[PDB]
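Read the structure below first, then the notes.
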Amino acid sequence: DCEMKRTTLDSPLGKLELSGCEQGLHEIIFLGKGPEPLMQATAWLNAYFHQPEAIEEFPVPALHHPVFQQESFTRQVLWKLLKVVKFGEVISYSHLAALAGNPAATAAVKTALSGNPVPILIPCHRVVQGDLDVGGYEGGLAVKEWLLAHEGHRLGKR
Ligand SMILES: *Cc1ccc(CNC(=O)c2ccc(C(=O)O)c(-c3c4ccc(=[N+](C)C)cc-4oc4cc(N(C)C)ccc34)c2)cc1
Ligand SMILES: [Zn+2]
């Protein structure tokens, strides 16, 4: 029950609506086909597409989607995925479940990821099925393959 502003921006994947309150960025939507949090979001995202050399030098906006408010399994998944899976790497679902404190919760990791409010920022596209299988993507498989090809990964396809 937040009150939020909305920014927009051009991307190699279409136009990207950013939504967020004062306490933090809520969502990042893709359509395609001001305040500090969203100011840092728009900056980071262009750092990602156009100057990825030093993506790690742009700061990560605070996040205030409800999923991050109280503790959950979904929150530990998303928070750990953001902290450890860097640009250029990937992680299997099964191994992300282990990283989030339950090596047998792969199905729950799959579901935790489907409700990610801020793609790329939280790198849900770096979570693959296996060494040779990139898996699905809730943004569309070609997006995932694009993003991984953008990061130079062997499972990318542009
Ligand atoms: C990590 C991550 C999460 C979310 C996105 C962006 N995707 C969406 O926001 C999103 C919104 C709504 C739908 C929807 O169907 O209403 C989807 C979506 C699917 C979401 C989850 C899913 N599984 C968990 C199996 C499957 C989805 O399939 C979709 C299919 C279509 N079409 C066939 C048109 C459209 C939307 C789908 C996604 C990005 C990254
Ligand atoms: Zn909020």
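Here's how to read the names in the structure tokens: chain A, B, ... by the order shown, residue numbers from 1 in each chain, ligand numbers from 1 in the order shown.
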All residues having an atom within 9 Å of ligand 1 (only C-alpha atoms and all ligand atoms) as a PyMOL selection string: chain A and resi 28-30+110-120+122-125+127+136-140+143-144
What would the file look like if the residues just selected were written as a CSV table (one decimal), in the first residue's frame with C-alpha atoms?
```csv
chain,number,residue,atom,x,y,z
A,28,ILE,CA,10.9,-3.6,-13.6
A,29,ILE,CA,8.5,-4.4,-16.5
A,30,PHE,CA,9.2,-5.1,-20.2
A,110,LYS,CA,11.7,-22.3,-9.6
A,111,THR,CA,8.5,-20.7,-8.1
A,112,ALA,CA,10.4,-18.1,-6.1
A,113,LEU,CA,12.0,-17.0,-9.4
A,114,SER,CA,8.8,-16.8,-11.4
A,115,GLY,CA,7.7,-14.0,-8.9
A,116,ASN,CA,10.9,-11.9,-9.2
A,117,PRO,CA,9.8,-8.3,-9.4
A,118,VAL,CA,13.0,-6.9,-10.7
A,119,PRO,CA,14.6,-9.0,-13.5
A,120,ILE,CA,18.3,-8.6,-14.5
A,122,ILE,CA,18.1,-9.8,-9.6
A,123,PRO,CA,19.7,-12.0,-12.2
A,124,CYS,CA,16.9,-14.6,-12.7
A,125,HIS,CA,18.3,-15.2,-16.3
A,127,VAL,CA,19.6,-19.6,-13.3
A,136,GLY,CA,13.1,-21.6,-19.5
A,137,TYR,CA,12.7,-17.9,-18.7
A,138,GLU,CA,9.7,-15.9,-17.6
A,139,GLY,CA,10.8,-13.0,-19.8
A,140,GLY,CA,10.9,-15.3,-22.8
A,143,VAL,CA,15.6,-12.9,-23.8
A,144,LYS,CA,17.5,-15.2,-21.5
```
Non-local contacts of residue 85 of chain A (12 Å; only C-alpha atoms; under 2 positions in same chain excluded) as a ChimeraX atom specification: /A:77-83,87-93,95-96,99,120-128
Expected selection as a list in words for ligand 2 within 9 Å, only C-alpha atoms and all ligand atoms: residues 1, 2, 3, 4, 20, 21, 22, 23, 24, 25, 26, 63, 64, 65 and 66 of chain A
Computed interatomic separation between atom CA of residue 12 of chain A and atom CA of residue 42 of chain A (Å): 14.0 Å
Members of chain A assigned helix (DSSP H, G or I) by DSSP, as a PyMOL selection string: chain A and resi 36-50+52-57+66-68+73-84+93-99+106-114+124-126+141-150
Keeping only C-alpha atoms, write the selected residues to a file as an mmCIF file, in the first residue's frame.
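As written to disk, out_6.cif reads:
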```
data_model
loop_
_atom_site.group_PDB
_atom_site.id
_atom_site.type_symbol
_atom_site.label_atom_id
_atom_site.label_comp_id
_atom_site.auth_asym_id
_atom_site.auth_seq_id
_atom_site.Cartn_x
_atom_site.Cartn_y
_atom_site.Cartn_z
ATOM 1 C CA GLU A 36 16.870 8.213 -5.573
ATOM 2 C CA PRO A 37 15.994 4.477 -5.883
ATOM 3 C CA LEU A 38 14.699 4.759 -9.456
ATOM 4 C CA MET A 39 17.464 7.231 -10.266
ATOM 5 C CA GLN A 40 19.972 4.527 -9.319
ATOM 6 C CA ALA A 41 17.952 1.925 -11.212
ATOM 7 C CA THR A 42 17.952 3.817 -14.511
ATOM 8 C CA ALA A 43 21.674 4.431 -14.050
ATOM 9 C CA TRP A 44 22.474 0.791 -13.294
ATOM 10 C CA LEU A 45 20.460 -0.594 -16.194
ATOM 11 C CA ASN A 46 22.265 1.561 -18.750
ATOM 12 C CA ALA A 47 25.540 0.646 -17.094
ATOM 13 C CA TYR A 48 24.493 -2.962 -17.750
ATOM 14 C CA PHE A 49 23.619 -2.752 -21.448
ATOM 15 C CA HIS A 50 26.031 -0.115 -22.725
ATOM 16 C CA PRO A 52 29.157 -3.391 -18.702
ATOM 17 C CA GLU A 53 32.913 -3.029 -18.139
ATOM 18 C CA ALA A 54 32.273 -1.577 -14.673
ATOM 19 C CA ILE A 55 28.714 -2.669 -13.964
ATOM 20 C CA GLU A 56 29.962 -3.483 -10.449
ATOM 21 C CA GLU A 57 30.716 0.207 -9.860
ATOM 22 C CA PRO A 66 6.493 -6.593 -0.762
ATOM 23 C CA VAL A 67 8.465 -9.815 -1.341
ATOM 24 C CA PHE A 68 11.508 -8.224 0.311
ATOM 25 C CA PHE A 73 12.033 -18.583 1.320
ATOM 26 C CA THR A 74 11.365 -16.503 -1.791
ATOM 27 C CA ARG A 75 13.289 -13.619 -0.211
ATOM 28 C CA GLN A 76 16.378 -15.672 0.634
ATOM 29 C CA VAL A 77 16.429 -17.103 -2.900
ATOM 30 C CA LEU A 78 16.265 -13.690 -4.572
ATOM 31 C CA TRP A 79 18.670 -12.014 -2.154
ATOM 32 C CA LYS A 80 21.310 -14.750 -2.435
ATOM 33 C CA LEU A 81 20.922 -14.962 -6.224
ATOM 34 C CA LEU A 82 21.703 -11.254 -6.333
ATOM 35 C CA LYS A 83 24.685 -11.404 -3.987
ATOM 36 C CA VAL A 84 26.687 -14.318 -5.439
ATOM 37 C CA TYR A 93 18.204 -24.215 -10.013
ATOM 38 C CA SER A 94 19.129 -27.194 -7.828
ATOM 39 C CA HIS A 95 22.298 -25.414 -6.704
ATOM 40 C CA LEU A 96 20.487 -22.149 -5.999
ATOM 41 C CA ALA A 97 18.161 -24.122 -3.703
ATOM 42 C CA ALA A 98 21.238 -25.422 -1.870
ATOM 43 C CA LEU A 99 22.636 -21.888 -1.717
ATOM 44 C CA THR A 106 14.448 -26.817 -6.310
ATOM 45 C CA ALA A 107 10.744 -26.680 -7.210
ATOM 46 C CA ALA A 108 10.370 -23.822 -4.732
ATOM 47 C CA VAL A 109 13.343 -21.980 -6.232
ATOM 48 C CA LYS A 110 11.654 -22.332 -9.618
ATOM 49 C CA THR A 111 8.548 -20.736 -8.143
ATOM 50 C CA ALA A 112 10.425 -18.112 -6.141
ATOM 51 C CA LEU A 113 12.037 -16.976 -9.375
ATOM 52 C CA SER A 114 8.784 -16.775 -11.357
ATOM 53 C CA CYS A 124 16.949 -14.621 -12.724
ATOM 54 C CA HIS A 125 18.298 -15.196 -16.256
ATOM 55 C CA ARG A 126 21.530 -16.683 -14.834
ATOM 56 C CA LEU A 141 13.671 -17.808 -23.684
ATOM 57 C CA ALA A 142 15.209 -15.633 -26.402
ATOM 58 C CA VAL A 143 15.590 -12.859 -23.808
ATOM 59 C CA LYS A 144 17.521 -15.208 -21.519
ATOM 60 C CA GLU A 145 19.751 -16.385 -24.373
ATOM 61 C CA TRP A 146 20.209 -12.755 -25.412
ATOM 62 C CA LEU A 147 21.220 -11.674 -21.905
ATOM 63 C CA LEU A 148 23.626 -14.586 -21.485
ATOM 64 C CA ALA A 149 25.126 -13.878 -24.921
ATOM 65 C CA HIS A 150 25.407 -10.249 -23.821
#
```
All strand (DSSP E or B) positions in segment 70-141 of chain A, as a ChimeraX atom specification: /A:91-92,119,122,127-128
What does the file look like for those residues with C-alpha atoms, as an mmCIF file, in the first residue's frame?
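After the write, out.cif holds the following:
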```cif
data_model
loop_
_atom_site.group_PDB
_atom_site.id
_atom_site.type_symbol
_atom_site.label_atom_id
_atom_site.label_comp_id
_atom_site.auth_asym_id
_atom_site.auth_seq_id
_atom_site.Cartn_x
_atom_site.Cartn_y
_atom_site.Cartn_z
ATOM 1 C CA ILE A 91 23.799 -21.322 -11.408
ATOM 2 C CA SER A 92 21.598 -24.374 -11.668
ATOM 3 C CA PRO A 119 14.616 -8.962 -13.511
ATOM 4 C CA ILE A 122 18.059 -9.826 -9.578
ATOM 5 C CA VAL A 127 19.617 -19.586 -13.286
ATOM 6 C CA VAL A 128 19.791 -22.464 -15.733
#
```
Residue neighbourhood residue 7 of chain A, 8 Å, only C-alpha atoms, exclusion window fewer than 4 positions, as a ChimeraX atom specification: /A:17-19,34,38
For the selection just defined, write its residues with N, CA and C atoms to a file, as a JSON list (two decimals), in the first residue's frame.
```
[["chain", "number", "residue", "atom", "x", "y", "z"],
["A", 17, "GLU", "N", 9.45, -0.16, -18.10],
["A", 17, "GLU", "CA", 8.81, 0.63, -17.07],
["A", 17, "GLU", "C", 9.38, 0.28, -15.70],
["A", 18, "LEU", "N", 9.85, 1.30, -14.99],
["A", 18, "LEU", "CA", 10.34, 1.17, -13.62],
["A", 18, "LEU", "C", 9.34, 1.80, -12.68],
["A", 19, "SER", "N", 8.98, 1.08, -11.63],
["A", 19, "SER", "CA", 8.02, 1.56, -10.64],
["A", 19, "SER", "C", 8.64, 1.47, -9.26],
["A", 34, "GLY", "N", 13.79, 10.36, -11.15],
["A", 34, "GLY", "CA", 13.36, 11.29, -10.12],
["A", 34, "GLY", "C", 13.90, 10.96, -8.75],
["A", 38, "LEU", "N", 14.86, 4.90, -8.01],
["A", 38, "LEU", "CA", 14.70, 4.76, -9.46],
["A", 38, "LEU", "C", 15.73, 5.57, -10.23]]
```
